[PDB]
Amino acid sequence: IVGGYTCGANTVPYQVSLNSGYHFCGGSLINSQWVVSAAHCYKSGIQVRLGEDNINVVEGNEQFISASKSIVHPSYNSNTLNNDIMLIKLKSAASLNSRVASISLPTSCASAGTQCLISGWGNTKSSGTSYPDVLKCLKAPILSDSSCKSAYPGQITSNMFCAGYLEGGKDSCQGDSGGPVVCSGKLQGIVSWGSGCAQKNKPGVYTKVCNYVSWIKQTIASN
Ligand SMILES: CC(=N)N1CCC(Oc2ccc([C@@H](Cc3ccc4ccc(C(=N)N)cc4c3)C(=O)O)cc2)CC1
Ligand SMILES: [Ca+2]
């Protein structure tokens with residue numbers, strides 16, 4: 001997260017860290033046994049780490065659970081990043097409490113202007129690389145489809161939305177991928193892509209979760 005702030009230990013209880021010997025992607029806990037992330041985060045040997053703040057020190061409240069199966073959306077396209085969504089089933093159900101809780105799926109899509117909270121352990125620099133120990137947060141509004149498509153001509157599908165600041169300086173970045181975009185207590189987006197990080201006129205692009213509610217529910221029910 002570039003230009004964000006330190007969230008505060010366990011203040012984003014649904015935030016998950018995907019680990020394979022190091023943090024590589026974020027995710028959101030949607031129930032005691034399922035996590036939603038980005039399809040581009042797919043990898044074998046994924047350990048889901050819940051209740052994390054400092055990802056390098058064991059501070060208490062952490063729950064490490066192996067992924068039993070990762071389900072990449074069947075229509076995911078690695079070049080366009082259309083349908084960039086993946087469901088991860090935990091080997092065992094997480095112990096939900098004050099510091100580890102699930103986030104609700106939306107019943108309707110969010111409109112332009114809606115303020116949302118984006119979080120992650122991704123790169124904190126626009127030019128260069130600097131990964132944080134603790135979780136970073138950023139409040140950003142959903143942009144209009146017009147501005148989104150003007151920024152990324154021919155690359156925005158109906159399953160994507162832009163969020164952020166056109167003036168640059170505040171944005172999600174590499175490492176934040178798969179993480180949550182929560183608006184009014186509902187998970188509306190998943191960190192997907194963008195051109196660089198926190199660049200002028202190049203806001204972040206996110207997977208539009210409201211378009212996948214039926215798919216998520218049907219898939220979870222059959223697995
Ligand atoms: C051809 C096309 N339709 N496109 C262009 C490529 C685009 O996908 C991608 C895929 C990867 C990349 C980056 C890596 C990267 C990864 C995660 C990111 C997460 C967030 C942000 C952001 N600025 N919000 C930027 C990121 C940049 C990189 O430079 O390797 C950039 C665009 C999909 C859309
Ligand atoms: Ca740690």
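When reading the values below, keep in mind they use all heavy atoms of this one structure, side chains included, and skip hydrogens, waters and symmetry mates. When a ligand or atom number is given, it counts from 1 through the structure's own listing order. By convention here, the first residue in the shown sequence is residue 1.
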As a test of the contact definition, would [atom] count as having a protein heavy-atom neighbour under 4.0 Å?
atom                    : value
atom 13 (C) of ligand 1 : no
atom 7 (C) of ligand 1  : yes
atom 29 (O) of ligand 1 : no
atom 3 (N) of ligand 1  : yes

Are any of the heavy atoms in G196 under 4.0 Å away from ligand 1?
yes
Taking only heavy atoms of [X] into account, list the atoms of ligand 1 that are under 4.0 Å away from them.
X    : value
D171 : 22 (C), 23 (N), 24 (N)
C197 : 23 (N)
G204 : 24 (N)
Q155 : 2 (C), 3 (N), 4 (N), 5 (C), 34 (C)

Closest heavy-atom pair, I190 versus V36, reported as atoms and distance to 0.1 Å, is CD1-CG2, 3.7 Å
Apex the Ca ion (ligand 2) - arms O from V57 and O from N54 - angle rounded to 10°:
80°
Taking heavy atoms and a distance under 4.0 Å, where does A198 meet ligand 1: side chain, backbone, both or neither?
neither
Location of contacts on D176 toward ligand 1, heavy atoms closer than 4.0 Å
neither
Please compare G194, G178, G120, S172 and report which has the shortest non-hydrogen distance to atom 24 (N) of ligand 1.
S172
[atom]: nearest protein contact (heavy atom, Å):
atom                    : answer
atom 17 (C) of ligand 1 : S177 OG, 3.2 Å
atom 1 (C) of ligand 1  : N79 O, 3.9 Å
atom 16 (C) of ligand 1 : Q174 CG, 3.7 Å
atom 10 (C) of ligand 1 : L81 CD1, 4.0 Å
atom 33 (C) of ligand 1 : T80 O, 3.6 Å

Do any N/O/S atoms of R49 come under 3.0 Å of the Ca ion (ligand 2)?
no
Determine whether the aromatic ring centres of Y131 and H23 lie less than 6.0 Å apart.
no
Which of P203, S111, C183, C162 passes side chain to side chain contact (heavy atoms under 4.5 Å, CB included) with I142? It is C183
With rounding to the nearest 0.5 Å, note down the distance linking OG1 in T157 to CG in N83.
7.0 Å
